[PDB]
Enquirer: 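Below you will find the structure I want to go over with you.
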Amino acid sequence: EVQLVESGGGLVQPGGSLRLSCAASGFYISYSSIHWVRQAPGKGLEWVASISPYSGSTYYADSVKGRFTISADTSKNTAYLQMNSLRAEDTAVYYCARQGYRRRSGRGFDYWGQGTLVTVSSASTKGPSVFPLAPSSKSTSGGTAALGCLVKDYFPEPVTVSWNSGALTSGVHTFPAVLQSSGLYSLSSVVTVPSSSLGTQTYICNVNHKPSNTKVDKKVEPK
Amino acid sequence: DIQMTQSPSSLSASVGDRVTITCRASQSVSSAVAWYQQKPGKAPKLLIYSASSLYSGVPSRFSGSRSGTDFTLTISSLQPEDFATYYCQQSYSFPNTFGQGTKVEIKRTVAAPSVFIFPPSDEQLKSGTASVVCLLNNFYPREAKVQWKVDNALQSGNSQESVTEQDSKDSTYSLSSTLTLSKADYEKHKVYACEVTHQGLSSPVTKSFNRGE
RNA sequence: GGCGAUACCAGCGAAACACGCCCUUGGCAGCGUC
Ligand SMILES: [K+]
Ligand SMILES: [K+]
């Protein structure tokens, strides 16, 4: 029933600007406080701003006061976060959250959106190179084989990696990306399969990097 | 600003254990304190509001209490699905503030890694770079030493590691170590090896390959 | 323990502020004083 859907995120330069939207469904925002909360990758939740019902009063974290503006349009049932003078430290997933009804859950934030990723960086977009990680053993060895794909030199996050168009999920490990000294990301995705399936079963890694409009399928065969 | 000082920053607990997470507000916040659960890759969910009230639908093993400006979240008996990062938050005054979080992971028995090594692809080598990948699969605990040796020489400063989040069903981890070298550097040596030390192994395990061979 | 003057928390309206209603009672806590 209750849904919050953030949008508007993307990659921008330091000093740039971006406007996020949070579309509410299943309730009317005019009777609720609405909050923005952000989360840098692998870091904690950070409260950003909020707007109060009836008054429209607004509040901001010290770290964004003067640069960000929260607003709402009750006729669109949507809330907004205009972000200006952006800096690298603003990079984060931005969540929209509803503060619940006072008599039901106090001031707890009872519904959260899925968030929208904002990346602030001077680095240019670049799609990945995809290379096979050839099966670790022979088809006739009787045990388990590991195989995978190296997804190297891309920016910004995220890429998605599937195997056999999503049909292969069991035993898949797609590792968190790490930044190389070049400032570009790299990761590997691996899977373990029965050695006896090599040959019979075809293994393809499907890599999608929407920020660069890049899609790659790479077959991974025995060497 | 009111600081929320949350402790510990991480903990590894067994299923069935009682887990206590604490948050001290730097000045009075009355009872305007909420607790959230956030699983990796997911949005936070509300557990407790107004310091001690259970949010509707939340299991009763979760409870909160207040002693002055000290706020405690207790899980009376940790369940397997309870791994997550937990956050306290004050709503007494603006700006609202979150604690730094407590990452709760599941303790399990020791498990040694299965080790695999991958030479660089011929397609990569033509581009002038060689990535060699070592995979440590399904082990516990997370701590591990991975050491690269090229023709028996210890390598340093040319490799990076990545570790997965704890597996939801086997509570293990996996890790990748990638050694990067130039094509010329790669082609000046023959034996590439990855030596793994882990407390589940009685002695280090080496996987290697011989270049070209 | 008494007395005195206070300082803050609070009911409801879809509601932290603002706006409307209700209320003159409760509650911790310090201070002053015997
Ligand atoms: K509300
Ligand atoms: K404003």
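Reminder, nothing fancy here: chain letters follow the sequence lines and each chain counts from 1.
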Enquirer: Report the residue (A/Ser32 or A/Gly56) whose heavy-atom-nearest nucleotide on RNA chain C is the more 5′ of the two.
Expert: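 Comparing both residues, the 5'-ward one is A/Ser32.
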Enquirer: Within less than 4.0 Å of OP1 or OP2 of C/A15, is there a side-chain N or O belonging to A/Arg107?
Expert: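 So the side-chain polar atoms of A/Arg107 never come under 4.0 Å of the phosphate oxygens OP1 or OP2 of C/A15.
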Enquirer: Honestly, is A/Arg98 close enough over A/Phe27, meaning NZ or CZ under 6.0 Å from the six-membered ring centre and within 45° of the axis?
Expert: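 Output yes; distance and angle both within limits.
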Enquirer: With side chain to side chain contact (heavy atoms under 4.5 Å, CB included) as the test, pick out the partner of B/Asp82 among B/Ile75, B/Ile106, B/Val15.
Expert: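 Only one option passes, and that is B/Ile75.
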Enquirer: When the distance from CD of A/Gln99 to P of C/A15 is rounded to whole Å, what number comes out?
Expert: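 So the two atoms are 9 Å apart, to the nearest Å.
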Enquirer: Does C/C28 have a Watson-Crick or wobble partner in any strand here, with both distances under 3.5 angstrom, and which is it?
Expert: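 In the structure as shown, C/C28 has no Watson-Crick or wobble partner.
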Enquirer: Between C/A10 and C/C3, how far apart are the P atoms? Round to whole Å, please.
Expert: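 Between the two P atoms, the distance is 28 Å.
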Enquirer: With north meaning a positive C1'-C2'-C3'-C4' (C3'-endo side) and south a negative one (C2'-endo side), sort C/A29 into one of the two.
Expert: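 Pucker of C/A29: north.
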Enquirer: Under 4.0 Å, heavy atoms only, any strand: does A/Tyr28 hit a base, just the sugar-phosphate, or nothing?
Expert: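 Nothing, no heavy atom under 4.0 Å.
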Enquirer: Take B/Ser30 and A/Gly100, find for each the nucleotide of RNA chain C with the closest heavy atom, and name the residue whose nucleotide sits nearer the 5' end.
Expert: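 That would be B/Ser30.
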Enquirer: Could you give the CZ-to-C1' distance, from A/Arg104 to C/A14, as a whole number of Å?
Expert: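 Between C1' of C/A14 and CZ of A/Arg104: 12 Å.
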Enquirer: How far does the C1' atom of C/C9 sit from the matching atom of C/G20, given to the nearest Å?
Expert: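 Looking at atom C1' only, C/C9 and C/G20 are 22 Å apart.
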Enquirer: Kindly say whether C/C21 and C/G11 qualify as a Watson-Crick or G-U pair under the rule that both distances are below 3.5 angstrom.
Expert: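 Yes.
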Enquirer: Take the protein atom CG of B/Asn96 and the nucleotide atom P of C/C17, then report the distance between them rounded to whole Å.
Expert: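 In whole Å, C/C17 P lies 13 Å from B/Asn96 CG.
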Enquirer: Mind checking the P distance from C/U25 to C/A29? Whole angstroms is fine.
Expert: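 Each nucleotide's P atom is 22 Å from the other's.
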Enquirer: Does a donor on one side chain sit under 3.5 Å from an acceptor on the other, for A/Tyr94 and A/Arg38?
Expert: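 A/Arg38 and A/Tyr94 do have a side-chain donor-acceptor pair below 3.5 Å.
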Enquirer: So, A/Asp110 side chain and B/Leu46 main chain: donor-acceptor pair closer than 3.5 Å or not?
Expert: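 No, the answer is negative, given that no donor and acceptor are paired below the 3.5 Å cut-off.
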Enquirer: Among C/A14, C/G13, C/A16, find the nucleotide with the atom closest to the side chain of A/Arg103.
Expert: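 So the nucleotide nearest the side chain must be C/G13.
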Enquirer: Distance between the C1' atoms of C/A14 and C/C21, in whole angstroms?
Expert: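 The same atom, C1', in both gives a distance of 16 Å.
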Enquirer: C/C12, C/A14, C/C9: which one has an atom nearest the side-chain heavy atoms of A/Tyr54?
Expert: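 From the listed options, C/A14 comes nearest.
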Enquirer: Take atom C1' in C/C8 and the same atom in C/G13, then report the distance between them in whole Å.
Expert: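 That atom pair is separated by 25 Å.
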Enquirer: Taking any heavy-atom pair under 4.0 Å as a contact, classify B/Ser91: base, sugar-phosphate, or nothing.
Expert: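 Here B/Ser91 touches the bases of the nucleic acid.
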Enquirer: Rounded to the nearest angstrom, tell me the gap between atom CZ in A/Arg98 and atom P in C/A15.
Expert: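 Rounding to the nearest Å, CZ of A/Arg98 and P of C/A15 are 10 Å apart.
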Enquirer: Decide whether a cation-pi geometry holds between B/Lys39 and B/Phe83; the criteria are a distance under 6.0 Å from NZ or CZ to the six-membered ring centre and an angle within 45° of the ring axis.
Expert: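 Yes, B/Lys39 lies over the aromatic ring of B/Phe83.
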Enquirer: Establish whether C/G13 and C/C31 are paired, applying the Watson-Crick or G-U wobble definition with both distances under 3.5 Å.
Expert: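 Given the Watson-Crick and G-U criteria, C/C31 is not paired with C/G13.
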Enquirer: Please give, in whole Å, the distance from C/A16 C1' to A/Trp47 CH2?
Expert: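 Rounding to the nearest Å, CH2 of A/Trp47 and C1' of C/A16 are 11 Å apart.
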Enquirer: Quick one: do the B/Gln100 and A/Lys43 side chains pair a donor with an acceptor below 3.5 Å?
Expert: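 There is no such pair between these side chains.
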Enquirer: Taking C/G4 as the reference, what is the distance to C/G26 when you measure between their P atoms (whole Å, please)?
Expert: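 Result for the P pair: 14 Å, nearest Å.
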Enquirer: Which nucleotide in the set C/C12, C/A18, C/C9 lies at the smallest distance from any side-chain heavy atom of A/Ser55?
Expert: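 Looking only at heavy atoms from C-beta outward on A/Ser55, the closest nucleotide is C/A18.
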Enquirer: Just to confirm a value in my table: C/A16 sugar, north or south, sign of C1'-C2'-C3'-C4'.
Expert: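 South is the answer for C/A16, its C1'-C2'-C3'-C4' torsion being negative.
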Enquirer: Examine C/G13: is either OP1 or OP2 under 4.0 Å from a nitrogen or oxygen in the side chain of A/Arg102? Give yes or no.
Expert: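 For C/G13, OP1/OP2 do have a side-chain N/O of A/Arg102 under 4.0 Å.
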Enquirer: Rounded to the nearest angstrom, tell me the gap between atom CG in A/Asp110 and atom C1' in C/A14.
Expert: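 It works out to 12 Å between those atoms.
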Enquirer: When the distance from CZ of B/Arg66 to P of C/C28 is rounded to whole Å, what number comes out?
Expert: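 Distance check: B/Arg66 CZ to C/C28 P gives 13 Å.
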Enquirer: Does NZ or CZ of A/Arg19 fall inside the cone over A/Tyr80's six-membered ring, less than 6.0 Å from its centre and within 45° of the axis?
Expert: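 The answer is yes, since A/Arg19 meets both limits relative to A/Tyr80.
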Enquirer: For C/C28 and C/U6, measure between their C1' atoms and round to the nearest Å.
Expert: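 Comparing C1' positions in C/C28 and C/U6 gives a spacing of 15 Å.
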Enquirer: Once you round it to whole Å, what is the distance between P of C/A14 and CD1 of A/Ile34?
Expert: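 One finds 16 Å between P of C/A14 and CD1 of A/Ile34, rounded.
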Enquirer: Does the structure show a Watson-Crick or G-U wobble partner for C/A18, both distances under 3.5 Å? Name it, or say none.
Expert: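 Base partner found: none.
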Enquirer: Using the P atoms only, state how far C/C31 lies from C/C17, rounded to an integer number of Å.
Expert: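 About 30 Å, rounded to a whole number of Å.
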